[PDB]
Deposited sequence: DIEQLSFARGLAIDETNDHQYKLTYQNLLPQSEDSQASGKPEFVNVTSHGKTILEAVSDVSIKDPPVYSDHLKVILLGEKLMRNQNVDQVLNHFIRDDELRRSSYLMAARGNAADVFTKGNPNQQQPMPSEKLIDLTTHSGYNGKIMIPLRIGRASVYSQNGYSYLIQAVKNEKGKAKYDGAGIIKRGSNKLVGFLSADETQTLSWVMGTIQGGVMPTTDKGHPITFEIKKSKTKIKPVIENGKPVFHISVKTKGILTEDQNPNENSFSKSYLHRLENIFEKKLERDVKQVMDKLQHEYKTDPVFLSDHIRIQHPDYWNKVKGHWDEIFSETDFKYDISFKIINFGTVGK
């Protein structure tokens, strides 16, 4: 859509009736005894801020940087996030280590006045490099659950557009992270014949072996996890092998559901599976590079999950 032209900028600075500063920028109307500069094509941005007499009097002595940037859902769904950050944030407001996060719903509502991970956490350094290099990726999500902020899964940012195409739940994010080997800790609660059993992760490792057969890739994923157990009803021997099997099968069916959403609902690989075929199969990679998501959707997965209780 076409907007009216303006080549010069002006600024109004006011103090309002409810005591706050209001800066209204102005897009000055191009001119061909009256005050001509007053005419605008449109008003520009407005800045609202409460500032104390002491803060007008005492200027800042150094340039600080943003620690965390939280992006609202509607913004991420409609706009290239890299382009947005570039447009609104000066490079010197950010550091490599500044955190980037996603909000379900409105981001401003997630920040709340005081009382009295792991995704991964994504830092600006990495997120920007992902965007620039055509990678889909995950960003930790937060939600104001009435509220009370709370970590709540992950946003899925798709390559090219750099837009959020959906969210994974906390459980789905844990499952995906577990199978991919990026998980640090966590618990899997389930049941054995109705009795609650929980498996707490101590150490987990994943090996991924992609094999092309034929024209499409087949990812052989191996998951080895050691953990602690919690019980109800009430040692072993085969009984631990039995519980291990229950936990193993659960992870498998849970990851199948998540992978199905990635392949056929969202149609993107936000966990760098692409990198494994790049290392193991450069020639094949060279041919598919330009349409990896298409290939990802057609890809098959074979899991080998092995749990070990040490409690």
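Asker: Which deposited-sequence positions, grouped into ranges, are missing C-alpha coordinates?
Answerer: Absent from the structure are positions 33-38, 123-144, 263-267, 345-350.
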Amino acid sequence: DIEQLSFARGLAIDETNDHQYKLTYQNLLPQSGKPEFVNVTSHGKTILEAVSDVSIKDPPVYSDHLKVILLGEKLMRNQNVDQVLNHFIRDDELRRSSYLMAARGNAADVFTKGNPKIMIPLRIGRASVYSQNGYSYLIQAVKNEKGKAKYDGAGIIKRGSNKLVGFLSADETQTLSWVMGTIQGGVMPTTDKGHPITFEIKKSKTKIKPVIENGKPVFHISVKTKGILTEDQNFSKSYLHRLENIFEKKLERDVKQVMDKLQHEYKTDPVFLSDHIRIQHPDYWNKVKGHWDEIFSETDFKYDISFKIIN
From here on, numbers count along this sequence of modelled residues.
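Asker: Of the two stretches 177-185 and 213-221, which shows the higher Cα B-factor on average in the entry?
Answerer: The recorded data point to 213-221.
Asker: Identify the stretch, either 68-76 or 121-129, whose C-alpha atoms have the larger mean B-factor according to the entry.
Answerer: Mean B over CA atoms: larger for 121-129.
Asker: Which of these, 136, 169, 230, 83, has its C-alpha atom at the highest B-factor, as the entry lists it?
Answerer: Answer for 136, 169, 230, 83: 230, with the highest C-alpha B-factor.
Asker: Among 190, 162, 204, 106, where is the Cα B factor highest in this entry?
Answerer: In the PDB entry, the greatest C-alpha B-factor among 190, 162, 204, 106 is found at 204.
Asker: Please place residue 244 in the lowest, middle or highest third of its chain by C-alpha B factor as given in the entry.
Answerer: Within its chain, residue 244 is a highest-third residue by C-alpha B-factor, going by the deposited values.
Asker: With respect to C-alpha B-factor, does residue 40 fall in the lowest, middle or highest third of the chain as deposited?
Answerer: As the PDB entry reports it, the C-alpha B-factor of residue 40 lands in the middle third of its chain.
Asker: Using the temperature factors of the C-alpha atoms in this entry, rank residue 196 within its chain: lowest, middle or highest third.
Answerer: Answer is middle: the recorded C-alpha B-factor places it there.
Asker: Please rank the C-alpha B-factors of the chain's modelled residues and tell me whether residue 142 sits in the lowest, middle or highest third.
Answerer: Within its chain, residue 142 is a middle-third residue by C-alpha B-factor, going by the deposited values.
Asker: Considering every modelled residue of the chain and its Cα B-factor in the PDB entry, is residue 115 in the lowest, middle or highest third?
Answerer: According to the entry, residue 115 has a C-alpha B-factor in the chain's highest third.
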